[PDB]
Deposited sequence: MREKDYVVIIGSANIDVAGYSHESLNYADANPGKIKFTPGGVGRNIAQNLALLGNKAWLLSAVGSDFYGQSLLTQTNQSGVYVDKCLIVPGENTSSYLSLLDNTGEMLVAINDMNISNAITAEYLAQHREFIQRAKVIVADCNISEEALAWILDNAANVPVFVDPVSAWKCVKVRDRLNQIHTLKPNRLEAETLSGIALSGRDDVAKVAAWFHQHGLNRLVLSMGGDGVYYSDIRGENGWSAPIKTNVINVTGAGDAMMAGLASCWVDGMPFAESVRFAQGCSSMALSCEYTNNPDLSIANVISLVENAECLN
């Protein structure tokens, strides 16, 4: 089939260092593919979609390895950028539960409007576009201004990076904030479940088509500007690794949209994807598939 999805976002090398026996201590150090956009792209390939990553890595060899590893999970990485003389962005975590974390993502800024415009007609012929908020405001504005009626799904990434979305909700098809992100955007505290209707009305008054609000233990509240809303309860999971849960949920939303699925069922399915990510030791679960998510959901 000649249908594809375009993901525009960041590709990181995650580095986790675990202390044992808590100067130079022995321990375990794991390099993994990371970055919200790259992760999403990988989950979409595993969900069986033709996925193209538009992203940036540097010439530091390890950048090329990141791309290669990503390509092997199914992702089309050929249009990605290899920036001369820059380092490949990275997310470093010192664990024991995370003690300290460093965030080195300046190369995100190389994902420019000029870069994207050189692939304009290719982006405009995608079935859906997914964008994360690691990219600059100019680059996100470019995507939203040139989507040519292709739905743009936006992953807000963090309370800090989500704000670039506030003035452009009327250009985003589906937004998936967590509690802190939705509070930051709307300026309305999400104290309890009682507050979500008000926060959702805020998002829709500001032009957002569809809100997928994840509220942790409280579940997911979903709301469509056309009137449909509801709560979906969490899928009980024994959680091994929370990293990648949101990336899984975003991938499942977009895949379900492209597959022709209704909103409420797409949200439940997305929750299942997330659940698969949660019970896996990795940022992405290699066993994520329509089959297994369907099996995980129907058994509930």
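- Comparing the deposited sequence with the modelled residues, the stretches lacking C-alpha coordinates are 1-2, 25-28, 103-105, 310-313.
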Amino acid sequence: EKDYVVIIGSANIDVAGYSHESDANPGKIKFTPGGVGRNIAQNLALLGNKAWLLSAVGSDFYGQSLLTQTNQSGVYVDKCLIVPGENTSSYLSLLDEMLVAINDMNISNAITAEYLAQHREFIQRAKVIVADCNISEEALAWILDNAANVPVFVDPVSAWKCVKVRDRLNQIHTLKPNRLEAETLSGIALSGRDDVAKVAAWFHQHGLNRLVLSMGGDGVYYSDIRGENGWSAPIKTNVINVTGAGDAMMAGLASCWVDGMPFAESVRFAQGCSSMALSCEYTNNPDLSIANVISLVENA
From here on, numbers count along this sequence of modelled residues.
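- Across the two stretches, 199-207 and 75-83, the PDB entry reports the greater mean Cα temperature factor for 75-83.
- Remark: stretch with higher mean C-alpha B factor among 233-241 and 266-274 is 233-241.
- Out of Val100, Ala126, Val212, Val165, it is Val100 whose C-alpha atom has the highest B-factor in the PDB entry.
- When the C-alpha B-factors of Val154, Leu94, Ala182, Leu144 are ranked from the entry, the top spot goes to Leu94.
- Among all modelled residues in its chain, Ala11 ranks in the lowest third by Cα B-factor.
- Compared with the other modelled residues of the chain, the Cα B-factor recorded for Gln118 ranks in the highest third.
- Annotation for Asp194: CA B-factor lies in the highest third of the chain's modelled residues.
- When the modelled residues of the chain are ordered by their C-alpha B factor, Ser223 lands in the lowest third.
- When all modelled residues of the chain are sorted by CA temperature factor, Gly27 is found within the highest third.
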